[PDB]
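Colleague: Can you read through this structure? Questions will come right after.
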Amino acid sequence: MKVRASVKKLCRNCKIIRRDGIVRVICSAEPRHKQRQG
Amino acid sequence: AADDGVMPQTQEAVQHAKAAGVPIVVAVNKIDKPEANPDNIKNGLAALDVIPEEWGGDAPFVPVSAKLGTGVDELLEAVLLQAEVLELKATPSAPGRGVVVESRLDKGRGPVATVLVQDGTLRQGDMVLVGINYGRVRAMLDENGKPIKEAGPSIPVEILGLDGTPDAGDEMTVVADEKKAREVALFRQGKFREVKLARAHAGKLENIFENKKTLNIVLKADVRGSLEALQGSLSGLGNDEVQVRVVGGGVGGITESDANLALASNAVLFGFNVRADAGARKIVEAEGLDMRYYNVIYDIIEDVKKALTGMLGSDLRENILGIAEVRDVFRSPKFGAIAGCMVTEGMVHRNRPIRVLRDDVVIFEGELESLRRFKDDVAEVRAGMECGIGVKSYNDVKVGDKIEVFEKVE
Amino acid sequence: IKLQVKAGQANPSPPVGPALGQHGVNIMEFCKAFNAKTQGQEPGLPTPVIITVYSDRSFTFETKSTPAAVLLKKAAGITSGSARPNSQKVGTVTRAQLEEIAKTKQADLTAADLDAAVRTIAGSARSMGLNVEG
Amino acid sequence: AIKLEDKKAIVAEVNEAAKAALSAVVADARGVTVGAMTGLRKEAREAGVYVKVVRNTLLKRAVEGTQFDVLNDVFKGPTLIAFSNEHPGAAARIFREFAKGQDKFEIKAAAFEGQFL
RNA sequence: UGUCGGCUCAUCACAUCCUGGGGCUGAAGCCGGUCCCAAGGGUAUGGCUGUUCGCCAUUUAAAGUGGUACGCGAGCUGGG
RNA sequence: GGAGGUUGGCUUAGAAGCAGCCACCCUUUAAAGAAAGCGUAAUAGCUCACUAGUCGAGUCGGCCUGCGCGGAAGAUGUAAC
Ligand SMILES: [Mg+2]
Ligand SMILES: [Mg+2]
Ligand SMILES: [Mg+2]
Ligand SMILES: [Mg+2]
Ligand SMILES: [Mg+2]
Ligand SMILES: [Mg+2]
Ligand SMILES: [Mg+2]
Ligand SMILES: [Mg+2]
Ligand SMILES: [Mg+2]
Ligand SMILES: [Mg+2]
Ligand SMILES: [Mg+2]
Ligand SMILES: [Mg+2]
Ligand SMILES: [Mg+2]
Ligand SMILES: [Mg+2]
Ligand SMILES: [Mg+2]
Ligand SMILES: [Mg+2]
Ligand SMILES: [Mg+2]
Ligand SMILES: [Mg+2]
Ligand SMILES: [Mg+2]
Ligand SMILES: [Mg+2]
Ligand SMILES: [Mg+2]
Ligand SMILES: [Mg+2]
Ligand SMILES: [Mg+2]
Ligand SMILES: [Mg+2]
Ligand SMILES: [Mg+2]
Ligand SMILES: [Mg+2]
Ligand SMILES: [Mg+2]
Ligand SMILES: [Mg+2]
Ligand SMILES: [Mg+2]
Ligand SMILES: [Mg+2]
Ligand SMILES: [Mg+2]
Ligand SMILES: [Mg+2]
Ligand SMILES: [Mg+2]
Ligand SMILES: [Mg+2]
Ligand SMILES: [Zn+2]
């Protein structure tokens, strides 16, 4: 997981979710596209 | 082994046993285990022209189990029955003739050989000639350690007397006197010295076409996938002016056993992203056989077709100037991979492309980042000189690699 | 398989490759069909050959037609094509020949009539470099 | 994407064949490869037949000249009108062979003075 | 309001050196790289130099970075 | 379903939608690019673009603006109402 101050979609299966007051990006295709914070 | 049978070193065994046409008897060994199905071996080996003696038949299939012991008597029956179909003529009265299995030196008794007698008889006293060496059998030991006076036609004995330790492939022959023995020995080393220079020039890929003849090749790739790709590509080539057929082919470095295979089969060595060992290098030097390392897949086949039509020679492409053995690594957290090394061949200089190879298989391909000694940035290190090196945008350079540096000849 | 043979070339097995891509079939029967090509204009004209081996192994020869790229090349002079079409136009093309190849290209071309086939070939011509003219 | 003006163009176009057809049938193509239909359409074109696929809701409004007006209640799922302005029938022996051969479409009904069957 | 270094004695922060729990990996395994959580306990001996530091020799699971009048002379020393 | 001229032309050993350059037309159609992505040594293969059916009332994105959320780690003890 990559922690950055600015997270956003990197492909066309990335989804933006707000989970316990934290914006996360989850990818159903490539696990390398997981992000936290931002 | 009954569990997990047929692996890329069994195929090497089948190739080695096919180069010299010999009967093969298959003995599936580890049947005393839960997951020990032999039929997947039976048909997995069947796609190697080793089809069993139940569907077609050129080889039996007998299951033994060494540790437990079962099945052996069937294996002995099978091997003897296979032998019965083949030849086996010998006269236990002629002068002895055989081969030597292994030799060793010893402070007591001097040199010792393990001759296997093949025809005739070797009663104690004869004038033996073995390759270059000659002498008299002053003593003989049998397999179990007891002295014997006579040797059968196929019974391994161990003699004493030769003036030097013989090799592991020479012929033991009984002769009349020592003078004839000396004459034959001198002639033998003359001929043996003469063969090498002819082989080291007529055996090149450059001169296969000049003087069918079924061009033979031995291939050692780096990853299997490239190996089957290249074997498939080379499958269809050669129609009426020479033909190509691989006689080897495995994954790993160019082991000395593979060089021996090529030497015995008069083949030529192709190495794909691999390097030859010390023993392979020494055998290559002795026998003068050709050996070429290639970087890309298609250059191999383009050379094969060019030499099949025999239109060009030359070397070019790449020449290696300098190999450094990495000694220890002290990679500093300031984004570095500074690896110490000591140069073992040639000279290493900055503005060249490098090649990182571990266990004789190349892992990286790129230029340098730093080649200082302490802080000098010499940009040129003579052989025998310790230094530190750094590869650009690469890490995981372990302890025990080599750093080849080469010029792409234009 | 949808490869192309050239008015009899089955003598070699360089392009056979019937092991990685196609089933192993006795190439001699296809070599026995090398005479079934019978050329027509030299042993260099390629032909569309499709082998039916999907069901069982009875190799069948389709021999649909000839490409309308060699024809527009061969039957209009220059044996090449402009590496920069419409920028290095090799040379204009006579109309009725485009119909003539369209007339011979009765198989396929999926058109209501040759009046639409003429317009079909010119698209192929527009890439070769031939200047289409009526 | 079709619009209000673009959509109604084919409705008038389908009307022209409807206002001149004699015997027409409705067919489906769920699973039919375009390759098989390519020859059938050209064979239909060669045999002077007219077959097209239209929206199931546009057909119910396209048929206003009493060509196959009874087929409104069965205009569900995939549907292709096989209009034959000349030689009523004709485009029936092809479907009987194709349906028995290609296992495609129930051929719905026919248009013979409002005889669906 | 006695200013470097050493000795004795410490206390806190976490921007974690080891041990602990994890995501990604250009992670086969053994070893790694990078980021997240975590301050409970641990965290060299010598040769040179007045030295802090540094370079060396040999160890260790590791030989952390900082604040405390660059902690500490009404606790010692006095080499600079 | 997602197709034919057609492995478009060239280069190339082989470049077939998918190394690179030049174009980027036409036809049966509901639509289907001389092709957006993954793969093949090259083929093969698997999706998207678009379309037919399906269910049946809303749906997509941008602009202006009020209040909030992350970015946010320190040393004696909560200790930045
Ligand atoms: Mg941040
Ligand atoms: Mg939680
Ligand atoms: Mg102390
Ligand atoms: Mg304490
Ligand atoms: Mg505190
Ligand atoms: Mg932390
Ligand atoms: Mg730590
Ligand atoms: Mg930890
Ligand atoms: Mg860990
Ligand atoms: Mg980790
Ligand atoms: Mg701690
Ligand atoms: Mg703490
Ligand atoms: Mg602590
Ligand atoms: Mg504590
Ligand atoms: Mg605590
Ligand atoms: Mg506790
Ligand atoms: Mg000390
Ligand atoms: Mg010290
Ligand atoms: Mg001192
Ligand atoms: Mg402070
Ligand atoms: Mg301070
Ligand atoms: Mg301090
Ligand atoms: Mg102080
Ligand atoms: Mg301090
Ligand atoms: Mg004091
Ligand atoms: Mg002091
Ligand atoms: Mg005082
Ligand atoms: Mg005081
Ligand atoms: Mg005092
Ligand atoms: Mg003093
Ligand atoms: Mg003093
Ligand atoms: Mg707002
Ligand atoms: Mg804020
Ligand atoms: Mg606190
Ligand atoms: Zn993603």
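Residue numbers (PDB author numbering), protein chains in the order written: chain 8, 1 to 38; chain x, 421 to 631, 637 to 835; chain J, 9 to 142; chain I, 2 to 118.
Here a beta-carbon is modelled for each residue, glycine too, at the ideal position from N, C-alpha and C.
Report the rounded CA-to-CA distance for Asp597 (chain x) versus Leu465 (chain x), giving the unit in angstroms.
Modeller: Against the second sequence, residue 597 (chain x) aligns to sequence position 177. Against the second sequence, residue 465 (chain x) aligns to sequence position 45. If I take the Cα positions, the gap works out to 52 Å.
Colleague: Cβ of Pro22 (chain J) less than 8 Å from any chain x Cβ?
Modeller: Against the third sequence, residue 22 (chain J) aligns to sequence position 14. Yes, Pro22 (chain J) lies at the interface with chain x (some Cβ there is under 8 Å from its Cβ).
Colleague: Determine the extent of the beta strand (DSSP E) in which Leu81 (chain I) is found, giving its start and end residues.
Modeller: As a working note, residue 81 (chain I) is residue 80 in the fourth sequence. Per DSSP, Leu81 (chain I) belongs to the beta strand (DSSP E) from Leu81 to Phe84.
Colleague: Whose C-alpha, out of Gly809 (chain x), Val787 (chain x), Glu835 (chain x) and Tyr723 (chain x), is nearest the C-alpha of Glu743 (chain x)?
Modeller: Within the second sequence, numbered from 1, the residue matching residue 743 (chain x) stands at position 318. Measuring from the Cα of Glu743 (chain x), the nearest candidate turns out to be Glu835 (chain x).
Colleague: What does the Cβ neighbour count give for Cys766 (chain x), buried or exposed, with the cut at 16 atoms within 10 Å?
Modeller: Position 341 of the second sequence holds residue 766 (chain x). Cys766 (chain x) is buried by the Cβ-count criterion.
Colleague: Shorter than 7 Å, the distance from the beta carbon of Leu53 (chain J) to the closest heavy atom of ligand 35, or not?
Modeller: Along the third sequence, one-based indexing puts residue 53 (chain J) at 45. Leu53 (chain J): no, Cβ never under 7 Å from ligand 35.
Colleague: Mapping the DSSP letters down to three states, classify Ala808 (chain x) as helix, strand or coil.
Modeller: For the purposes of this step, residue 808 (chain x) is taken as residue 383 along the second sequence, with counting starting at 1. Coil, per DSSP.
Colleague: Answer with buried or exposed for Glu87 (chain I), where buried requires no fewer than 16 other C-beta atoms within 10 angstroms of its C-beta.
Modeller: By one-based count along the fourth sequence, residue 87 (chain I) stands at place 86. Per the 10 Å Cβ criterion, exposed.
Colleague: Find out if the Cβ-Cβ distance for the pair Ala63 (chain I), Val15 (chain I) is shorter than 8 Å.
Modeller: As a first step, residue 63 (chain I) must be located in the fourth sequence, where it is residue number 62. As a first step, residue 15 (chain I) must be located in the fourth sequence, where it is residue number 14. Closer than 8 Å, so yes.
Colleague: Run down chain x in chain order and give the residues with a C-beta less than 8 Å from the C-beta of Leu28 (chain J).
Modeller: By one-based count along the third sequence, residue 28 (chain J) stands at place 20. Under the 8 Å cutoff, chain x gives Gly657.
Colleague: Specify, as a first and last residue, the run of the beta strand (DSSP E) that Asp539 (chain x) falls within.
Modeller: On the second sequence, residue 539 (chain x) is found 119 positions in, with the first residue counted as 1. It spans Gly530 to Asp539 - the beta strand (DSSP E) in which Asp539 (chain x) sits, taken as one unbroken run.
Colleague: Leaving aside the five residues before and after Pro576 (chain x) along the sequence, list all residues of the same chain whose C-beta is less than 7 Å from its C-beta, in chain order.
Modeller: Position 156 of the second sequence, counting from 1, holds the residue named residue 576 (chain x). The residues are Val521, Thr534, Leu536 and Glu563.
Colleague: Given a threshold of 16 other Cβ atoms within 10 Å of its Cβ, counted over all protein chains shown, does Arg780 (chain x) qualify as buried or as exposed?
Modeller: Within the second sequence, numbered from 1, the residue matching residue 780 (chain x) stands at position 355. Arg780 (chain x) should be labelled buried.
Colleague: Just checking: is the beta-carbon of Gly661 (chain x) within a distance shorter than 8 Å of some beta-carbon in chain J?
Modeller: Reading the second sequence from its first residue, position 236 is the one you call residue 661 (chain x). Answer yes: the Cβ-Cβ gap between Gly661 (chain x) and chain J drops below 8 Å somewhere.
Colleague: Quick one: which residues of the stretch 663 to 674 of chain x get their C-beta closer than 7 Å to a C-beta of chain J? List them in chain order.
Modeller: Listed in sequence order: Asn664.
Colleague: Distance check for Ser24 (chain I) and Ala100 (chain I), CA to CA, integer angstroms please.
Modeller: On the fourth sequence, position 99 is the one that residue 100 (chain I) refers to. On the fourth sequence, position 23 is the one that residue 24 (chain I) refers to. Computed Cα separation, rounded: 19 Å.
Colleague: Which full runs of the beta strand (DSSP E) of 3+ residues lie inside the stretch 13 to 73 of chain J, going along the chain?
Modeller: Correct list: 54 to 56.
Colleague: I think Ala571 (chain x) touches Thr541 (chain x), with their Cβ atoms under 8 Å apart; what is that distance to the nearest whole Å?
Modeller: Along the second sequence, one-based indexing puts residue 571 (chain x) at 151. Along the second sequence, one-based indexing puts residue 541 (chain x) at 121. About 6 Å; that satisfies the 8 Å criterion.
Colleague: Got a sec? Which residues, its chain only, sit under 7 Å from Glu107 (chain J) by beta carbon, not counting five neighbours each side?
Modeller: Along the third sequence, one-based indexing puts residue 107 (chain J) at 99. Hits under 7 Å: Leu122 and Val126.
Colleague: Just grab the DSSP bridge partners of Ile16 (chain 8) for me.
Modeller: Counting from 1 along the first sequence, the entry for residue 16 (chain 8) is found at position 16. For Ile16 (chain 8), which the question treats as bridged, DSSP gives the partners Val25 (chain 8).
Colleague: Near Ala5 (chain 8), which residues of its chain fall below 7 Å by C-beta distance, leaving aside the five closest residues on each side in sequence?
Modeller: The residue given as residue 5 (chain 8) occupies position 5 in the first sequence. Result list for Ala5 (chain 8): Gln37 and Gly38, in chain order.
Colleague: Taking the DSSP output, what are the residues bridged to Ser523 (chain x)?
Modeller: As a first step, residue 523 (chain x) must be located in the second sequence, where it is residue number 103. In the DSSP output, where bridge partners are listed per residue, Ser523 (chain x) has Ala533 (chain x).
Colleague: With distances taken Cα to Cα, identify the nearest neighbour of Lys113 (chain J) among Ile86 (chain J), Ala77 (chain J), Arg92 (chain J) and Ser88 (chain J).
Modeller: Position 105 of the third sequence, counting from 1, holds the residue named residue 113 (chain J). Ranking the options by Cα distance to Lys113 (chain J), first place goes to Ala77 (chain J).
Colleague: Measure the C-alpha to C-alpha separation of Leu11 (chain J) and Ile59 (chain J) and round it to an integer number of angstroms.
Modeller: Position 3 of the third sequence holds residue 11 (chain J). Position 51 of the third sequence holds residue 59 (chain J). Distance between the alpha carbons of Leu11 (chain J) and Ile59 (chain J) is about 9 Å.
Colleague: What residue ranges within the stretch 37 to 74 of chain I form continuous alpha helix (DSSP H) runs of no fewer than 4 residues, ordered along the chain?
Modeller: You should have 57 to 63.
Colleague: Given a threshold of 16 other Cβ atoms within 10 Å of its Cβ, counted over all protein chains shown, does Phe607 (chain x) qualify as buried or as exposed?
Modeller: Sequence index remark: in the second sequence, residue 607 (chain x) carries index 187 (1-based). Exposed: under 16 other Cβ atoms inside 10 Å.
Colleague: State buried or exposed for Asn664 (chain x), treating a residue as buried only when at least 16 other CB atoms are found within 10 Å of its CB.
Modeller: Here the question's residue 664 (chain x) lines up with position 239 in the second sequence. Exposed.
Colleague: Touch check for the stretch 427 to 445 of chain x and the stretch 477 to 487 of chain x: three-plus C-beta pairs under 8 Å?
Modeller: The answer is yes - the stretch 477 to 487 of chain x touches the stretch 427 to 445 of chain x, with three or more Cβ pairs under 8 Å.
Colleague: Taking 8 Å as the threshold (C-beta atoms), are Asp715 (chain x) and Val729 (chain x) in contact?
Modeller: Position 304 of the second sequence holds residue 729 (chain x). Position 290 of the second sequence holds residue 715 (chain x). No, the pair does not count as a contact, with Cβ atoms beyond the cut-off.
Colleague: For the putative contact between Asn631 (chain x) and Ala622 (chain x), defined by C-beta atoms under 8 Å, what is the C-beta separation to the nearest angstrom?
Modeller: Within the second sequence, residue 631 (chain x) is the residue found at index 211, counting from 1. Within the second sequence, residue 622 (chain x) is the residue found at index 202, counting from 1. With a Cβ gap of about 7 Å, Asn631 (chain x) and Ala622 (chain x) count as contacting.
Colleague: What are the partner residues of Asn553 (chain x), as DSSP defines its beta bridges?
Modeller: To locate residue 553 (chain x), count along the second sequence from 1; it is residue 133. BP columns for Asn553 (chain x) point to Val550 (chain x).
Colleague: Less than 6 Å between C-beta atoms, sequence neighbours within five positions excluded: which residues of the same chain meet that for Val806 (chain x)?
Modeller: Numbered from 1 along the second sequence, position 381 holds the residue referred to as residue 806 (chain x). Closer than 6 Å at the Cβ level, and outside the excluded window around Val806 (chain x), lie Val768, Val773 and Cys812.
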